[PDB]
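K.L.:
My structure is stored as model-v9.csv, with CSV, C-alpha atoms.
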```csv
chain,number,residue,atom,x,y,z
A,1,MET,CA,18.8,-92.4,154.6
A,2,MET,CA,22.6,-92.6,154.1
A,3,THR,CA,22.2,-96.0,152.4
A,4,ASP,CA,19.2,-94.9,150.3
A,5,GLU,CA,21.2,-91.9,149.0
A,6,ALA,CA,23.8,-94.4,147.9
A,7,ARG,CA,21.4,-96.9,146.3
A,8,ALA,CA,20.0,-93.9,144.3
A,9,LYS,CA,23.4,-93.4,142.7
A,10,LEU,CA,23.4,-97.1,141.5
A,11,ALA,CA,20.8,-96.2,138.8
A,12,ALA,CA,23.5,-94.2,137.0
A,13,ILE,CA,26.3,-96.8,137.1
A,14,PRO,CA,25.4,-99.6,134.6
A,15,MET,CA,27.8,-102.2,136.3
A,16,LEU,CA,26.1,-101.7,139.7
A,17,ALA,CA,22.5,-101.1,138.4
A,18,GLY,CA,19.9,-103.5,139.7
A,19,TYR,CA,22.1,-104.7,142.7
A,20,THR,CA,19.5,-105.7,145.3
A,21,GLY,CA,21.9,-107.2,147.8
A,22,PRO,CA,23.3,-105.6,151.0
A,23,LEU,CA,25.3,-102.4,151.0
A,24,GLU,CA,28.0,-102.1,153.6
A,25,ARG,CA,29.4,-98.7,154.6
A,26,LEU,CA,33.2,-98.9,154.9
A,27,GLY,CA,35.1,-96.3,157.0
A,28,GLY,CA,35.4,-92.6,156.0
A,29,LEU,CA,33.9,-89.2,156.9
A,30,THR,CA,34.8,-87.0,153.8
A,31,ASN,CA,34.1,-90.0,151.4
A,32,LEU,CA,31.0,-92.2,151.7
A,33,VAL,CA,32.1,-95.7,150.6
A,34,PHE,CA,29.8,-98.6,150.2
A,35,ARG,CA,30.6,-102.2,149.3
A,36,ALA,CA,28.1,-103.5,146.6
A,37,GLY,CA,28.7,-107.2,145.8
A,38,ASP,CA,32.4,-107.3,144.9
A,39,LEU,CA,32.7,-103.6,143.9
A,40,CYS,CA,33.0,-100.5,146.0
A,41,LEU,CA,31.0,-97.4,145.4
A,42,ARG,CA,32.7,-94.1,146.6
A,43,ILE,CA,30.6,-90.9,147.0
A,44,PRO,CA,32.2,-87.5,147.5
A,45,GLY,CA,31.5,-85.5,150.8
A,46,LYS,CA,30.0,-81.9,150.6
A,51,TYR,CA,37.4,-77.7,148.9
A,52,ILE,CA,38.8,-81.1,147.8
A,53,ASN,CA,39.6,-81.8,144.1
A,54,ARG,CA,38.1,-84.7,142.2
A,55,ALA,CA,39.8,-84.1,138.8
A,56,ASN,CA,43.1,-84.8,140.4
A,57,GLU,CA,41.9,-87.9,142.3
A,58,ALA,CA,40.7,-89.5,139.1
A,59,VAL,CA,44.0,-89.2,137.4
A,60,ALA,CA,46.0,-90.1,140.5
A,61,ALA,CA,44.0,-93.2,141.3
A,62,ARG,CA,44.2,-94.5,137.8
A,63,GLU,CA,48.0,-94.0,137.8
A,64,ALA,CA,48.3,-95.6,141.3
A,65,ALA,CA,46.2,-98.5,140.0
A,66,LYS,CA,48.6,-98.9,137.0
A,67,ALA,CA,51.5,-98.9,139.5
A,68,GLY,CA,49.8,-101.9,141.3
A,69,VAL,CA,49.4,-99.9,144.5
A,70,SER,CA,45.7,-98.9,144.4
A,71,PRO,CA,42.8,-101.1,143.6
A,72,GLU,CA,41.5,-101.0,140.0
A,73,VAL,CA,39.4,-98.0,139.1
A,74,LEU,CA,36.5,-99.4,137.1
A,75,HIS,CA,34.4,-96.2,136.7
A,76,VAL,CA,34.2,-92.5,137.2
A,77,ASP,CA,31.3,-90.2,136.9
A,78,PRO,CA,32.1,-86.9,135.3
A,79,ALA,CA,28.8,-85.4,136.6
A,80,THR,CA,29.1,-86.4,140.3
A,81,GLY,CA,32.7,-87.5,140.9
A,82,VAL,CA,31.3,-90.9,142.0
A,83,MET,CA,33.9,-93.7,141.7
A,84,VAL,CA,33.6,-97.5,141.4
A,85,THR,CA,36.6,-99.6,142.4
A,86,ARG,CA,37.1,-103.3,142.9
A,87,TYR,CA,36.6,-104.7,146.4
A,88,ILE,CA,39.6,-106.5,148.0
A,89,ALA,CA,38.3,-109.5,149.8
A,90,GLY,CA,40.0,-110.7,152.9
A,91,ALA,CA,41.7,-107.3,153.4
A,92,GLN,CA,41.8,-105.4,156.7
A,93,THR,CA,41.4,-101.6,156.9
A,94,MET,CA,44.2,-100.4,159.1
A,95,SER,CA,44.5,-98.2,162.2
A,96,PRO,CA,47.2,-97.2,164.7
A,97,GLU,CA,46.2,-100.2,166.8
A,98,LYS,CA,46.3,-102.7,164.0
A,99,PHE,CA,49.8,-101.4,163.0
A,100,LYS,CA,51.1,-102.5,166.4
A,101,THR,CA,48.9,-105.7,166.3
A,102,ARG,CA,49.6,-107.1,162.8
A,103,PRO,CA,53.3,-108.1,162.7
A,104,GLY,CA,55.0,-106.9,159.6
A,105,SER,CA,52.3,-104.3,158.8
A,106,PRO,CA,54.7,-101.3,158.9
A,107,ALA,CA,57.1,-103.2,156.6
A,108,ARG,CA,54.2,-103.9,154.2
A,109,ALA,CA,53.3,-100.2,154.3
A,110,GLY,CA,57.0,-99.4,153.3
A,111,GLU,CA,56.8,-102.0,150.5
A,112,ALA,CA,53.7,-100.3,149.2
A,113,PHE,CA,55.3,-96.9,149.2
A,114,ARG,CA,58.4,-98.4,147.6
A,115,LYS,CA,56.3,-99.8,144.8
A,116,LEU,CA,54.5,-96.5,144.5
A,117,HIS,CA,57.5,-94.1,144.4
A,118,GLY,CA,59.5,-96.5,142.3
A,119,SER,CA,56.6,-96.8,139.7
A,120,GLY,CA,56.0,-94.9,136.5
A,121,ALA,CA,53.0,-93.2,138.0
A,122,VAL,CA,52.8,-89.5,137.0
A,123,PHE,CA,50.7,-87.1,139.2
A,124,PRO,CA,49.8,-83.7,137.6
A,125,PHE,CA,50.2,-81.5,140.7
A,126,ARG,CA,53.1,-80.6,142.9
A,127,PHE,CA,52.7,-80.9,146.6
A,128,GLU,CA,53.5,-77.5,148.1
A,129,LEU,CA,54.1,-78.0,151.8
A,130,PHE,CA,55.3,-74.4,152.7
A,131,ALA,CA,53.0,-72.7,150.3
A,132,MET,CA,50.1,-74.2,152.1
A,133,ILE,CA,51.6,-73.4,155.5
A,134,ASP,CA,52.2,-69.7,154.7
A,135,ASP,CA,48.7,-69.6,153.2
A,136,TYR,CA,47.0,-70.8,156.5
A,137,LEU,CA,49.3,-68.5,158.5
A,138,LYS,CA,48.2,-65.3,156.6
A,139,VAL,CA,44.5,-66.3,156.8
A,140,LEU,CA,44.9,-66.3,160.6
A,141,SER,CA,44.9,-62.5,160.9
A,144,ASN,CA,42.2,-64.1,164.5
A,145,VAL,CA,41.3,-66.9,166.9
A,146,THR,CA,42.9,-67.9,170.3
A,147,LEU,CA,46.1,-70.0,169.4
A,148,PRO,CA,48.2,-72.5,171.4
A,149,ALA,CA,51.1,-71.6,173.6
A,150,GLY,CA,54.3,-71.3,171.5
A,151,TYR,CA,52.4,-70.9,168.3
A,152,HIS,CA,54.9,-68.3,167.0
A,153,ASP,CA,58.0,-70.3,168.1
A,154,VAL,CA,56.9,-73.4,166.3
A,155,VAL,CA,56.2,-71.3,163.2
A,156,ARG,CA,59.6,-69.5,163.5
A,157,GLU,CA,61.4,-72.8,164.1
A,158,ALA,CA,59.7,-74.2,161.1
A,159,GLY,CA,61.6,-71.6,159.0
A,160,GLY,CA,64.8,-73.4,160.1
A,161,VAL,CA,63.2,-76.7,159.1
A,162,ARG,CA,62.3,-75.3,155.7
A,163,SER,CA,65.7,-73.9,155.3
A,164,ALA,CA,67.3,-77.3,156.1
A,165,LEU,CA,65.1,-78.9,153.5
A,166,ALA,CA,66.1,-76.3,150.9
A,167,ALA,CA,69.8,-76.8,151.7
A,168,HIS,CA,70.0,-79.7,149.3
A,169,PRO,CA,68.1,-81.1,146.2
A,170,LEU,CA,65.4,-83.5,147.4
A,171,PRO,CA,64.1,-86.3,145.2
A,172,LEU,CA,60.6,-86.1,143.7
A,173,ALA,CA,58.2,-89.0,143.6
A,174,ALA,CA,54.5,-89.7,143.0
A,175,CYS,CA,53.3,-89.5,146.6
A,176,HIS,CA,50.0,-90.3,148.2
A,177,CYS,CA,50.4,-87.3,150.6
A,178,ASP,CA,47.7,-88.1,153.1
A,179,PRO,CA,48.5,-91.8,154.1
A,180,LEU,CA,46.0,-92.1,157.0
A,181,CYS,CA,46.0,-95.6,158.6
A,182,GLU,CA,42.4,-96.0,157.3
A,183,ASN,CA,43.7,-95.6,153.7
A,184,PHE,CA,45.6,-98.9,153.9
A,185,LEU,CA,44.0,-102.2,153.2
A,186,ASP,CA,46.1,-105.1,154.4
A,187,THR,CA,45.8,-108.6,153.1
A,188,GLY,CA,48.1,-110.9,154.9
A,189,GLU,CA,51.0,-110.2,152.6
A,190,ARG,CA,50.5,-106.8,151.0
A,191,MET,CA,49.0,-103.4,151.5
A,192,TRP,CA,46.9,-101.6,149.0
A,193,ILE,CA,46.3,-97.8,149.4
A,194,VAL,CA,43.1,-95.9,148.6
A,195,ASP,CA,42.0,-92.2,148.7
A,196,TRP,CA,44.2,-90.3,146.2
A,197,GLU,CA,42.5,-87.0,146.5
A,198,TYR,CA,45.6,-85.2,148.0
A,199,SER,CA,48.1,-87.0,145.7
A,200,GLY,CA,51.0,-85.1,144.1
A,201,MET,CA,54.7,-85.0,143.2
A,202,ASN,CA,56.5,-84.7,146.5
A,203,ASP,CA,59.6,-85.7,148.6
A,204,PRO,CA,58.9,-89.4,149.0
A,205,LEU,CA,59.8,-89.3,152.7
A,206,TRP,CA,56.8,-87.0,153.3
A,207,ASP,CA,54.6,-90.2,152.9
A,208,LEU,CA,56.7,-92.1,155.4
A,209,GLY,CA,56.7,-89.2,157.9
A,210,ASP,CA,52.9,-88.7,157.5
A,211,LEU,CA,52.1,-92.4,158.1
A,212,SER,CA,54.3,-92.5,161.1
A,213,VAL,CA,52.6,-89.5,162.8
A,214,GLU,CA,49.1,-90.8,161.8
A,215,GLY,CA,49.8,-94.3,163.0
A,216,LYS,CA,51.4,-93.2,166.3
A,217,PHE,CA,54.4,-95.3,165.3
A,218,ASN,CA,57.1,-95.9,167.9
A,219,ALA,CA,60.8,-96.0,167.1
A,220,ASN,CA,60.7,-99.7,166.3
A,221,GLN,CA,57.9,-99.3,163.8
A,222,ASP,CA,59.7,-96.5,162.1
A,223,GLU,CA,62.8,-98.7,161.7
A,224,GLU,CA,60.7,-101.5,160.3
A,225,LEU,CA,59.0,-99.0,157.9
A,226,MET,CA,62.2,-97.4,156.6
A,227,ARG,CA,64.1,-100.6,156.4
A,228,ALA,CA,61.3,-102.2,154.2
A,229,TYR,CA,61.1,-99.0,152.2
A,230,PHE,CA,64.8,-98.4,151.5
A,231,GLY,CA,65.9,-102.0,151.2
A,232,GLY,CA,68.3,-101.5,154.0
A,233,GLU,CA,68.7,-99.6,157.3
A,234,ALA,CA,67.9,-95.9,156.9
A,235,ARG,CA,70.7,-93.3,157.0
A,236,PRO,CA,71.0,-90.2,159.3
A,237,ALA,CA,69.9,-87.8,156.5
A,238,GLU,CA,67.0,-90.0,155.5
A,239,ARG,CA,65.8,-90.6,159.1
A,240,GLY,CA,66.2,-86.8,159.6
A,241,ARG,CA,63.8,-86.0,156.8
A,242,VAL,CA,61.2,-88.4,158.1
A,243,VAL,CA,61.4,-86.9,161.6
A,244,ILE,CA,61.2,-83.4,160.0
A,245,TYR,CA,58.0,-84.3,158.1
A,246,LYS,CA,56.5,-85.9,161.2
A,247,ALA,CA,56.8,-82.4,162.7
A,248,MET,CA,55.7,-80.5,159.6
A,249,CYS,CA,52.8,-82.9,159.0
A,250,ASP,CA,51.3,-82.1,162.4
A,251,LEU,CA,51.9,-78.4,161.9
A,252,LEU,CA,50.1,-78.4,158.5
A,253,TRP,CA,47.0,-80.0,159.9
A,254,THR,CA,47.2,-78.1,163.2
A,255,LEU,CA,46.9,-74.8,161.3
A,256,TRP,CA,44.1,-76.3,159.1
A,257,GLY,CA,42.2,-77.3,162.2
A,258,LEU,CA,42.4,-73.8,163.6
A,259,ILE,CA,40.9,-72.6,160.3
A,260,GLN,CA,38.0,-75.0,160.9
A,261,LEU,CA,37.6,-73.9,164.5
A,262,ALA,CA,37.3,-70.3,163.4
A,263,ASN,CA,34.8,-71.3,160.6
A,264,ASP,CA,32.7,-73.4,163.0
A,265,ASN,CA,32.8,-76.5,160.8
A,266,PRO,CA,30.8,-78.8,163.1
A,267,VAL,CA,32.4,-82.0,161.6
A,268,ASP,CA,34.2,-82.4,165.0
A,269,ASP,CA,35.9,-80.7,168.0
A,270,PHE,CA,38.5,-78.7,166.2
A,271,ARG,CA,39.6,-76.7,169.4
A,272,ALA,CA,40.7,-80.3,170.5
A,273,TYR,CA,42.1,-81.8,167.2
A,274,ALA,CA,44.2,-78.7,166.7
A,275,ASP,CA,45.6,-78.7,170.3
A,276,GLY,CA,46.4,-82.4,170.1
A,277,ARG,CA,48.4,-82.3,166.9
A,278,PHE,CA,50.2,-79.1,167.8
A,279,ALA,CA,51.3,-80.3,171.3
A,280,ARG,CA,52.7,-83.5,169.8
A,281,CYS,CA,54.5,-81.4,167.2
A,282,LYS,CA,55.9,-79.0,169.7
A,283,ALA,CA,56.9,-81.9,171.8
A,284,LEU,CA,58.9,-83.5,168.9
A,285,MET,CA,60.5,-80.2,167.9
A,286,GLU,CA,61.7,-79.6,171.5
A,287,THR,CA,63.5,-82.9,171.9
A,288,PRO,CA,67.3,-82.6,171.6
A,289,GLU,CA,67.1,-85.4,169.1
A,290,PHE,CA,65.2,-83.1,166.7
A,291,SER,CA,68.0,-80.6,166.3
A,292,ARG,CA,70.4,-83.5,165.5
A,293,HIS,CA,67.9,-84.8,162.9
A,294,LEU,CA,67.7,-81.2,161.5
A,295,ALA,CA,71.5,-80.8,161.5
A,296,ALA,CA,71.7,-84.2,159.6
A,297,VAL,CA,69.3,-83.0,156.9
A,298,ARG,CA,71.2,-79.7,156.6
A,299,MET,CA,74.5,-81.5,156.3
A,300,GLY,CA,73.3,-83.9,153.6
```
Take the structure from the file and write it as C-alpha cells.
P.N.:
Amino acid sequence: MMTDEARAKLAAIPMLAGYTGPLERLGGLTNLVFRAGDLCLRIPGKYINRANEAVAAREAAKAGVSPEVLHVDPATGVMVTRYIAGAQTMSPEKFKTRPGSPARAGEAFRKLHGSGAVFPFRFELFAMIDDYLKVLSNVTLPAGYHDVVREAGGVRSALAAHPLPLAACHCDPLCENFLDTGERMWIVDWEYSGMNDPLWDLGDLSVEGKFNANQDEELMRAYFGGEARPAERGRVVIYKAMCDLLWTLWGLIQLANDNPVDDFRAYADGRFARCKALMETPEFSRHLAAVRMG
C-alpha cells in the first residue's frame, strides 16, 4: 500500500511519469522518500511547513550542500531531488565507524554557513521553549523539570550576554539527514531551516549522533579551520543541552496528545535525563561561564 500510494504520485510528475522500475523506500518517518531510477521522490507526512522547506532546499542546493531540487508540487508539497549514488545515510553508529565522518559533517556545515544561502525565517529557540512550557498547564513530568527550566534561564542569559553570529542553519541535523560519499557529506530535509547561531547545528548533530569528546573536536576543528576556542566550545555544549530540552518538552506535548507515532513517555525521559546529566557536570558551568565571558 505504501509503495502504491507513491507510484500514484508519479502520474503528476512528468519527469517520473511512466517509471515502471523498482521503488526503494529510504529512511524517514515524517517524510516518505522513494528512490525512482536516479531521482528521489519525497512525500510529506500527515504542523510542519512546506513553503519554508522549498525555499530553504533550493538555497541549500545553490550553496552546494543539498542535492539538486528538480521539482516541487504546489498542490501536494511533493519534491523530486537527484539521487546521490554511492552515498551512505548516516547514523550514530556510522559516525564512529566511518573515519573522518564528523570532519566531513563540519566541512558541510562550513560550506553551508559560509554560503550566500538566505533562509526566510529566524530560528527562535527560547520562543519555542516558552511556548511549550505555557502549553504544559498538565501531565506527569520528570524529576528536576523545574530546575532544568530555571537553569536554562541562566543559559539564555549567557547567550544574550554577547552578540552571536547569524547563519543559514539546517536546525535539525539528525544523523539520517546526512548522506556520506567517501569524501563529502550532503544534507537533506530542510523543513526546520532558518537563520540561527551556526553553533546550534554543531550542538544538535553532536547530541543526535551521541558524539564523544573526540568526535566533537574532529567536528569543530573541521568546521572552524582550527582548534575550537573556549567560547565556541561553550556554545556547542550549551546547545547540546538546549537541543535536548527543546525536544524533551515537545515529546511531553506528544505524550499528552496521545500521538501514537512512538513511546513518548520514553523518548522524553531519555532526552531529558541526558540533558539534566550534562547540565549537572561541573564542566558545564565552566562552559557557561566561558560563553558569558566572551
K.L.:
Could you list, as JSON, numbers by chain, every residue within 12 Å of residue 56 (chain A), counting only C-alpha atoms and ignoring same-chain residues fewer than 6 positions away?
P.N.:
{"A": [62, 63, 81, 122, 123, 124, 125, 126, 176, 195, 196, 197, 198, 199, 200, 201]}
K.L.:
Can you pull out the residues contacting residue 216 (chain A)? Cut-off 12 Å, using all atoms listed in the file, and skip same-chain residues under 2 positions away; I want them as JSON, numbers by chain.
P.N.:
{"A": [95, 96, 97, 98, 99, 100, 106, 180, 181, 209, 210, 211, 212, 213, 214, 218, 219, 220, 221, 222, 246, 250, 277, 280]}
K.L.:
Nearest to residue 182 (chain A): which of A:160, A:27, A:236, A:14 is it, counting all atoms listed in the file?
P.N.:
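Answer, going by the shortest atom-to-atom distance: A:27.
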K.L.:
Have a look at A:192, A:161, A:104, A:131 and name the one nearest to residue 64 (chain A); count only C-alpha atoms.
P.N.:
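Ranked by minimum distance to residue 64 (chain A), first place goes to A:192.
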K.L.:
So that I can check the surroundings of region 260-275 of chain A, please list as an MDAnalysis selection string every protein, DNA and RNA residue that reaches within 9 Å of it, counting all atoms listed in the file and ignoring chain neighbours fewer than 3 positions away.
P.N.:
chainID A and resid 29 144:145 147:148 250 253:257 278:280
K.L.:
At a cut-off of 10 Å, using all atoms listed in the file, what residues contact residue 163 (chain A)? Leave out same-chain residues fewer than 4 positions from it and give the result as a count of residues only.
P.N.:
8
K.L.:
Between A:17, A:23, A:112, A:76, which one has atoms that come closest to residue 230 (chain A), using all atoms listed in the file?
P.N.:
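Comparing A:17, A:23, A:112, A:76 against residue 230 (chain A), the winner is A:112.
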K.L.:
Counting only C-alpha atoms, figure out which residue out of A:39, A:79, A:249, A:165 gets nearest to residue 132 (chain A).
P.N.:
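The closest residue to residue 132 (chain A) is A:249.
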K.L.:
Kindly indicate which residue among A:59, A:73, A:155, A:84 lies nearest to residue 32 (chain A), using only C-alpha atoms for the distances.
P.N.:
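The closest residue to residue 32 (chain A) is A:84.
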K.L.:
Find, counting all atoms listed in the file, the residue in A:227, A:190, A:108, A:293 that gets nearest to residue 245 (chain A).
P.N.:
A:293
K.L.:
Suppose you want the space between CA of residue 127 (chain A) and CA of residue 194 (chain A); what is it in Å?
P.N.:
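Interatomic distance, CA of residue 127 (chain A) to CA of residue 194 (chain A): 17.9 Å.
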K.L.:
Tell me, in Å to one decimal, how far CA of residue 300 (chain A) is from CA of residue 207 (chain A).
P.N.:
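Between CA of residue 300 (chain A) and CA of residue 207 (chain A) the gap works out to 19.7 Å.
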K.L.:
Distance CA of residue 208 (chain A)-CA of residue 110 (chain A), one decimal place?
P.N.:
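Those two atoms sit 7.6 Å apart.
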K.L.:
I want to know what sits within 10 Å of residue 67 (chain A), based on only C-alpha atoms, with residues of the same chain fewer than 4 positions away left out; could you give that as a ChimeraX atom specification?
P.N.:
/A:61-63,71,115-122
K.L.:
Complete region 78-93 of chain A with N, CA and C atoms (output as an mmCIF file, keeping the file's coordinate frame).
P.N.:
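So the final result, stored in selection_23.cif, reads:
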```cif
data_model
loop_
_atom_site.group_PDB
_atom_site.id
_atom_site.type_symbol
_atom_site.label_atom_id
_atom_site.label_comp_id
_atom_site.auth_asym_id
_atom_site.auth_seq_id
_atom_site.Cartn_x
_atom_site.Cartn_y
_atom_site.Cartn_z
ATOM 1 N N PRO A 78 31.596 -88.253 135.466
ATOM 2 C CA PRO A 78 32.100 -86.900 135.300
ATOM 3 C C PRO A 78 31.085 -85.836 135.725
ATOM 4 N N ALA A 79 29.882 -86.280 136.095
ATOM 5 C CA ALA A 79 28.800 -85.400 136.600
ATOM 6 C C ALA A 79 28.920 -85.255 138.162
ATOM 7 N N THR A 80 29.192 -86.361 138.850
ATOM 8 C CA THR A 80 29.100 -86.400 140.300
ATOM 9 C C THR A 80 30.458 -86.626 140.998
ATOM 10 N N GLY A 81 31.443 -87.155 140.274
ATOM 11 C CA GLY A 81 32.700 -87.500 140.900
ATOM 12 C C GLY A 81 32.698 -88.965 141.455
ATOM 13 N N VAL A 82 31.519 -89.583 141.510
ATOM 14 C CA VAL A 82 31.300 -90.900 142.000
ATOM 15 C C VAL A 82 32.276 -91.976 141.372
ATOM 16 N N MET A 83 32.891 -92.835 142.184
ATOM 17 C CA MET A 83 33.900 -93.700 141.700
ATOM 18 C C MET A 83 33.658 -95.199 142.078
ATOM 19 N N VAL A 84 33.792 -96.108 141.112
ATOM 20 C CA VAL A 84 33.600 -97.500 141.400
ATOM 21 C C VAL A 84 35.009 -98.220 141.315
ATOM 22 N N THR A 85 35.392 -98.879 142.401
ATOM 23 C CA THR A 85 36.600 -99.600 142.400
ATOM 24 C C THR A 85 36.296 -101.082 142.739
ATOM 25 N N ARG A 86 37.295 -101.945 142.657
ATOM 26 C CA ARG A 86 37.100 -103.300 142.900
ATOM 27 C C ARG A 86 37.308 -103.550 144.417
ATOM 28 N N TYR A 87 36.465 -104.367 145.035
ATOM 29 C CA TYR A 87 36.600 -104.700 146.400
ATOM 30 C C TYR A 87 37.650 -105.767 146.596
ATOM 31 N N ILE A 88 38.543 -105.539 147.555
ATOM 32 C CA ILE A 88 39.600 -106.500 148.000
ATOM 33 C C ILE A 88 39.123 -107.356 149.131
ATOM 34 N N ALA A 89 38.740 -108.587 148.799
ATOM 35 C CA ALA A 89 38.300 -109.500 149.800
ATOM 36 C C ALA A 89 39.393 -109.926 150.687
ATOM 37 N N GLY A 90 39.047 -110.262 151.925
ATOM 38 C CA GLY A 90 40.000 -110.700 152.900
ATOM 39 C C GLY A 90 41.110 -109.649 153.151
ATOM 40 N N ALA A 91 40.729 -108.378 153.171
ATOM 41 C CA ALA A 91 41.700 -107.300 153.400
ATOM 42 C C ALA A 91 41.188 -106.561 154.606
ATOM 43 N N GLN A 92 42.123 -106.122 155.438
ATOM 44 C CA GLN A 92 41.800 -105.400 156.700
ATOM 45 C C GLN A 92 42.113 -103.908 156.539
ATOM 46 N N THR A 93 41.138 -103.062 156.855
ATOM 47 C CA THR A 93 41.400 -101.600 156.900
ATOM 48 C C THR A 93 42.228 -101.389 158.154
#
```
